[PDB]
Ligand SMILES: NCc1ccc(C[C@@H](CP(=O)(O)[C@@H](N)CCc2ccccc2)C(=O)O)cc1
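Take a look at this one chain, the form solved without this ligand, written out in structure tokens.
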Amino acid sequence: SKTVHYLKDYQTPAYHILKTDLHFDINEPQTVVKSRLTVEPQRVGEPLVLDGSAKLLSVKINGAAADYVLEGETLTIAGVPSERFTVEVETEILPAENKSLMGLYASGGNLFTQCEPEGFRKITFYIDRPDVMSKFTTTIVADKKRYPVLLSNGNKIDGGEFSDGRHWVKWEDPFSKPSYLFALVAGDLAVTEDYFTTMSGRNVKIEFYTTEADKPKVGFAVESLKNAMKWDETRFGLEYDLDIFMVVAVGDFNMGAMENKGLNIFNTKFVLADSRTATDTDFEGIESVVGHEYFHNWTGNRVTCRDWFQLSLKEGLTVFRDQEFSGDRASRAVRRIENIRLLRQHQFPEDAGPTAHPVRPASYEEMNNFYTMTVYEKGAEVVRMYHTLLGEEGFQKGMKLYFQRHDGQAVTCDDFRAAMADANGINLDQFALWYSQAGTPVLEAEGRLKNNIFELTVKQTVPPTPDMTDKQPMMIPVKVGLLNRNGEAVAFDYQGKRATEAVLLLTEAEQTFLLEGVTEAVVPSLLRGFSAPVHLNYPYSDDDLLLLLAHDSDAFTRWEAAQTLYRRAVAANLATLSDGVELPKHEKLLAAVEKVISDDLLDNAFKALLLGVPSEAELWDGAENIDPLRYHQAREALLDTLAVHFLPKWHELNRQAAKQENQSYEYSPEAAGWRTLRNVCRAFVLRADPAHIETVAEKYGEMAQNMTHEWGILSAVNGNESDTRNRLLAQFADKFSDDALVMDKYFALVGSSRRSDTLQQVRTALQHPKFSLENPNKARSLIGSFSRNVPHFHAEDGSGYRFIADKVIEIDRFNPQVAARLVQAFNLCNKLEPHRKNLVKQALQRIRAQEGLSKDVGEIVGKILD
């Protein structure tokens, strides 16, 4: 009797809602919501079924008290007119009691909403599904001194005052929308005003709302929005469609931001920065996410989702758009590698684990569990493959046809694919499998130069996943090139064209590609630009990898050669540590890294990436009976070797980076590149010479010229067993006690430390006056960081597992979304060595045994355990 939602069961709704008129009467403590729905029968005579979980005060049909039944979270009216009719629902909400941060809730003494995916039903009774689109008008009444700012979607068309100190506003959004895009804000908030003029000459008023204290940190977000608006015009030909665009910052928020039409609501983390309190990465994040939410105005809002299985239709596409925006801003190659690295570090384990799902899932119990790395980041890689197959011009032809066909509609992934296919006159039927088949495809490649042909044989395979065993061959673009003995590009003939690069389109289980007219011995460069989201196996020698790393023209393949050398070095460490003998010499790797360190032609941020070692999760990919501490030990040994071996050169590279930064402490991509390299150097220095922390501490103020430097130094020393580490962290918390986003950084350092005493420091931090478990940013920073802290989470005595399971249980009582994300710390369960596996299963069984456990957490626990 447990409810599962299946894509195969989709049916159009029995009723449409043409008009949604809302009235909010905000009081202390309760808010009363009145709705009036103009309902249009589609299947005449069916019962009207409304979703809702708010306290119900009354229901009318055509103005008279309705005969209805309330059952669970539904309201059913059996006796429906056969003609257009209205329904009026009155509900009552206590927003200060709402710690789920879905629906209408309080934060910092103000009121905010979050409705995606199914939060609107926590406000009123509604047909709360995204293929039902309605024109909203929203009236808000509140005390003026307490709630001077009253916002909802669209245009402000009326307002006024009452003699008792109350005031009101009325907002009309002329664009039909699904309920998940509804927003309301009521509060005492400061505003920052700006504008943008569209290419048709229309001014758009821009308003950012923040606390009074936070206002000085919102400027970069405003600038980023104007950049995003211009970019969507120049790159996609897309113009904004209202004369007002509002953004509201909120400190209590389950995700990063939300694209509500004309009234975006952002986590403070993705809108507030200055150089004193935010890192360069934080600035890049604001640019990315402000872009993302604005880009949803077309890819999400103007064209929306038929059903929640199609989430990647808007999210994969909009992530692709924010990636392209950021790459067009600056540093495209480095940013592309950053994106690839995040996918392989976080999404690949998802696809290999118990919660693996297709980009377009076929079923779900709780839709909030499917806002995933797969739907978003793999979703974006799928959209990018259209770009790779079609080119920018062809891709834009597809976009044009997509909007022509589907503006104002709620559609499917299939419709996006068809627009791409039809606009370009190409068959993309096989491409559909990128949406329906889960798992990381594995390509096995072999190469031979015989006659004057380089014959590249490639096989593909996709593993069964828990949802599906049968996996058919997919359409996989493999971008390639060839290097001669001196690492020079070598031209070849393919499909009657002589070039140095080609896209090989693998569509069968096994294919041979003939690169003809090759006049010299070659080493192939494969999967350039990470041209498909796959695992590629090709037999490279260490010397082949050094060649690629030294001379290849593609950023990804150069970086992947280094990643491979690191991976092989860790594997060699695993072996020696296991045999109880001396560590390997790693002579070739050390020679390779020396070259990278000493190369002054390398981009600084690219050099920093070449000096990064794959994470433990990457290293144990594909393994069984995993002891995570053995992998941690082997990785730490490699980092120690790199730190100590090159210690003088790490200091020298640091000095060179400092000189080039040139005291330009504000955010810019140029200065940030130097600081990124500097922070890599700091990490290695303080590994090799932990005593250097006292030298750092002595001159801390001189060093602390922005938060990128403070964060970089505190990160570097965070695992140091000196008392000074603890003192510097305490001083950081004191300095920045009043800045909640910097206190998030403090708590992340507490939870992530490799020091031996981290569990007890974490437990003390739970009682820190600036910590709140009910704040998702804080919970994520402290507890989330601890759950990803390999030696502590995976402690042999099980203390890490017991602690995280305790917190899943505690958090689930008020915020199931946060708890269900946290409990995925346990996803490695069935791949662990027996002792830890036993303890993880005990932890999961204890979570399962909780009375009233959320559907959110229960769905995840079932996938891991059952």
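A residue's number is simply how far along the shown sequence it sits, counting from 1.
Heads up, the form deposited with this ligand bound isn't pictured, but that's what we're talking about next.
Participant: Do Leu242 and this ligand share at least one heavy atom pair within 4.5 Å in the bound PDB entry?
Facilitator: Contact with this ligand, yes.
Participant: Whether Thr198 contacts this ligand in the bound PDB entry should be assessed with a 4.5 Å heavy atom distance threshold; does it?
Facilitator: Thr198 belongs to the contact set for this ligand.
Participant: With a cut-off of 4.5 Å between heavy atoms, is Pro463 one of the residues that contacts this ligand in the bound PDB entry?
Facilitator: Answer no; every heavy atom of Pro463 is more than 4.5 Å from this ligand in the bound PDB entry.
Participant: Check whether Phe175 has any heavy atom within 4.5 Å of a heavy atom of this ligand in the bound PDB entry, and answer yes or no.
Facilitator: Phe175: yes, in contact with this ligand in the bound PDB entry.
Participant: Could you tell me which stretch in 449-457, 757-765, 580-588, 203-211 has residues with non-hydrogen atoms within 4.5 Å of this ligand in the bound PDB entry?
Facilitator: So the stretch in question is 203-211.
Participant: Taking this ligand in the bound PDB entry as the reference, which of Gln409, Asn155, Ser664, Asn726 has a non-hydrogen atom within 4.5 Å?
Facilitator: Exactly one residue meets the criterion: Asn155.
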